[PDB]
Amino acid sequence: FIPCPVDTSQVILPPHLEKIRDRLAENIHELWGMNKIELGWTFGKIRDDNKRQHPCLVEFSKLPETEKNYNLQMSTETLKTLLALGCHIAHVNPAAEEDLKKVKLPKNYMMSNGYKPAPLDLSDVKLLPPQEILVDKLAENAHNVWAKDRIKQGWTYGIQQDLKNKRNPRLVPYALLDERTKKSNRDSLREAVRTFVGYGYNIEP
């Protein structure tokens, strides 16, 4: 398999966008954390799958650095992909970042070590058709960068998953992937673009 995403090599992130890059990394983690609780996952200091344990059930500020820093790199590369695709990222209203509310996660969405995700409540945020074809493209590219970075870490495909010999069945072309995983990814990058407009930024090629 040969994944190659958009080439962001020559793009430079502006320093004033390093904050929306971090806000985006927090929220996408909060969206990941919420759905993981819905899949029957709780907090724990050691990775026990049969016990529904995962250390990174804590808030974004408390993740280990080898895991936390990859999220901030994936956020940066998604921002650079927009600029590489010819989009200008501007700022529309700064008060939009203060007229931001978060979602009322029920009491069950409170974990053992006080971690309770609270993503931005962006259910009021509609997307134009051009923005739904861009989000669909963005989620496909996000798969290629994830696939190549694991291949560059030594990962190969396998019929079943192995967390030690680096094999994983999801390292396939985006058209080869199961539709359940595609949809999960397309939704996550949908909320990514929503976070930009939700924080008051504009995105037009």
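For every residue, the number given is its place in the sequence shown, counted from 1. Definition used throughout: the rigid core is the maximal C-alpha set that superposes within 1.5 Å between two forms.
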Do the Cα atoms of 136-144 or those of 27-35 sit farther, on average, from the shown form in 8 other deposited structures of this protein after fitting on the core? 136-144
Name the stretch that deviates more in 8 other deposited structures of this protein: 125-133, or 76-84? Use RMS CA distance to the shown form, core superposed. 125-133
Report the stretch with the higher mean CA temperature factor, choosing between 157-165 and 144-152 on the basis of the entry. 157-165
Taking the deposited Cα B-factors and averaging over 69-77 and over 84-92, the higher mean is found in 84-92
Taking the chain's C-alpha temperature factors as the reference, tell me which third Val135 falls into: lowest, middle or highest. lowest
In terms of its chain's C-alpha B-factors, the third that includes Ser9 is the lowest
Against its chain's modelled residues, does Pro173's Cα B factor rank lowest, middle or highest third? lowest
Comparing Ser188 with the other modelled residues of its chain, is its CA B-factor in the lowest, middle or highest third? middle
Classify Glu179 as lowest, middle or highest third according to the C-alpha B-factor given in the PDB entry, relative to its own chain. lowest
